[PDB]
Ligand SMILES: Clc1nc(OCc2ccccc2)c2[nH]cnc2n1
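Okay, so here's just one chain, in structure tokens, the form deposited without ligand 05Q.
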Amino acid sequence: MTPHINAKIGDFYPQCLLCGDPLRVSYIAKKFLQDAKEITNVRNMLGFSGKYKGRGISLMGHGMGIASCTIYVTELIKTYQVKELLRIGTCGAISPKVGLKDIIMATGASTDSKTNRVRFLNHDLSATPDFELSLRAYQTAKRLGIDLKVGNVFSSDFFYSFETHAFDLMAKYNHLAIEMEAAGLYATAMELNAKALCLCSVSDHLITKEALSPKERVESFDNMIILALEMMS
């Protein structure tokens, strides 16, 4: 149907959760959704549709990096009529204002990619989420007893960075964590007039070098899953 998704037209609900890892998406469908159905599996990049509290939710994996994420987000919006995209995932914290198990809401995504300069006149595109989704995240968190840590993330083309000396400057300008897709998810949604947000769970702190156990990673991520599913229903 598209080069990277083999779902039937109409297989996706208009609200879609996203993770880089398709096995995480599979985890969510199996453990949290009723009547979950795998609807796409091209390149092993799984997607699902199902129900949370009687409301249709879709789930899609998008792979690693801005360019992979942009492909899947573009197709979801343009072909499968997805309207709200909520990306959840882990991110490595870089600021003293956050600690392990915090959930970060990215109200901006800085980047070392050239993609937004290519998209946007070789100027500075401030890649931002949709405000209404941000507000709904904030209200849902408060009602679930989650204190969201709110600021920028830095979306890098590099997992193994050549600029680790720059993390302090990043944190100084209110970047709470690093990840690798948010700047692309946001720019793509701005391009295509869709609503997007990125929420990140802090499982590793890149400055203090603290890190969650395997058991603390699943329970931490489960709390962010419930935040996400509750703000979509």
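Think of the rigid core as the biggest set of C-alphas that the two forms share within 1.5 Å after superposition. Don't overthink the numbering: it's just position in the shown sequence, from 1. Only residues modelled in both forms are compared.
As for the form deposited with ligand 05Q bound, it is not shown, yet the points below apply to it.
- The stretch from 84 to 92, 139 to 147, 125 to 133, 98 to 106 that comes within 4.5 Å of ligand 05Q in the bound PDB entry, counting heavy atoms only, is 84 to 92.
- Of the residues given (171, 178, 33, 189), 178 alone sits with a heavy atom within 4.5 Å of ligand 05Q in the bound PDB entry.
- When contacts are judged by a 4.5 Å heavy atom cut-off, residue 162 does not count as touching ligand 05Q in the bound PDB entry.
- Residue 49 falls outside the set of residues with a heavy atom inside 4.5 Å of ligand 05Q in the bound PDB entry.
- Ligand 05Q in the bound PDB entry comes within 4.5 Å of a heavy atom belonging to residue 167.
- Looking at residue 38, you'd find every heavy atom of it more than 4.5 angstroms from ligand 05Q in the bound PDB entry.
- Residue 217 is the only one in 211 to 227 with at least one heavy atom within 4.5 Å of ligand 05Q in the bound PDB entry.
- Core-superposed comparison between the shown form and the other one: one run of at least three consecutive shared residues with Cα shifts of 2 Å or more is located, at 210 to 220.
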